[PDB]
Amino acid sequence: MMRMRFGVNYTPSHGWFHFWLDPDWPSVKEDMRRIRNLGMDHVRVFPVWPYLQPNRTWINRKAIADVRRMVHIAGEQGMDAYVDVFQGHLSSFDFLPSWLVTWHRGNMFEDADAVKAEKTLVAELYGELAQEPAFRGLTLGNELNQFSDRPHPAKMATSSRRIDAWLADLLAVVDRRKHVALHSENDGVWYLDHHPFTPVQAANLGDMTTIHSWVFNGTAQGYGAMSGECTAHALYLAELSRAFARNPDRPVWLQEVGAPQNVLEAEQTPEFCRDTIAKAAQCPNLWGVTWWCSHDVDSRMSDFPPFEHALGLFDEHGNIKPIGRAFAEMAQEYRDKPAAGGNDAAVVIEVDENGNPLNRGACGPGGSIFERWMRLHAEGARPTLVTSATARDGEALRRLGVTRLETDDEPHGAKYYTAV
């Protein structure tokens, strides 16, 4: 039996991620019941790091128990749960423990004591969550690369070689025979040159590539909210990641996709959802789609970019929105549909000695790789992306189905990403 997973990034209706400071467990049961009734098979859930580990060597066991309870409830309501360990960063807000800031400013990637503490938290949380049948695995943390580089205003500077080791060290805490171990970056991993988190890491470390597809990154602005490029963005990132995966069967998890109203109109979000998913399903390696997010953010909360409030499938009073009905329809259409087949054409990405692009910028919105892929997509050529090494490997190309290659003869950067 084969299938494509459909789920939601769970934003608790009662308190958002401030829920953890005053858990209302009946509200989680109700949230989960309504999510399940959309036809969802999983949730992604987000504990908050300063509550889990308020001192470097003081892990709050009640906070761990609360994560386990939320997982337990998802399972009672018929769904699997995936947990992100270190938040870290959510919806424009940084949540760091006090032992990593100001007078205690630290580097979560480089400092041995911080790394030991991170591993201890992963092990303690994992050891509890592994006891829940609904628990499927963990992602180290949401978009943690946003701490590692400009323009973060208090960055934790690092390097790709250090991140290779840091990722491997934390992923090794999980028994990957029983549970997935994943890591997550924002699209800087694909689009930013000299960024210490890299395409090769994203597409080879951990059990699946995670993608977070957000068309406010210049795609909607540069091509139009009602453009084909806009609805193709998630498919594009999935295919881009395949260029770098050494395992041709590696699953791609569209771990976040949302319909952001800073660039889209509310009335267009159901169609954007359907079209984005229908395009993403053209990727033979697409393992699942997890919508951002389950529930609108309470209008009483301030300082969010306004569109963040409206990203739910359910409104702030718990009632299904038109986009929720659309996502339910897509799950019904695609969860059991046979995976797509091969790809006839590929755009070639020249890579350095480590297998990463010489020019990541050309892969972002407005860039030359991006636009060549978009053109082949519009023409119906079912393009993928391959590296210059793969382009010399007839057997690898045969496995992909690729019989036509397009080179990037005059590369240029991501003019619409940088304008953002």
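We number the residues from 1 along the sequence you see.
Mean CA temperature factor is higher for 336-344 when stretches 215-223 and 336-344 are set side by side in the entry.
Two stretches are in play, 192-200 and 286-294, and the higher mean C-alpha B-factor belongs to 192-200.
Residues shown: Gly394, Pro50, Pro383, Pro365. Highest C-alpha temperature factor in the entry: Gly394. When the Cα B-factors of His233, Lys321, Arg300, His183 are read from the PDB record, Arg300 comes out highest.
Ranked against the other modelled residues of its chain, the C-alpha B-factor of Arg44 as given in the entry falls in the lowest third. When all modelled residues of the chain are sorted by CA temperature factor, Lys116 is found within the middle third. For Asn354, the recorded CA temperature factor ranks within the highest third of the chain's modelled residues. Among the modelled residues of its chain, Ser159 has a C-alpha B-factor that falls in the middle third according to the deposited record.
In the deposited entry, the Cα temperature factor of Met374 sits in the bottom third of values across the chain's modelled residues.
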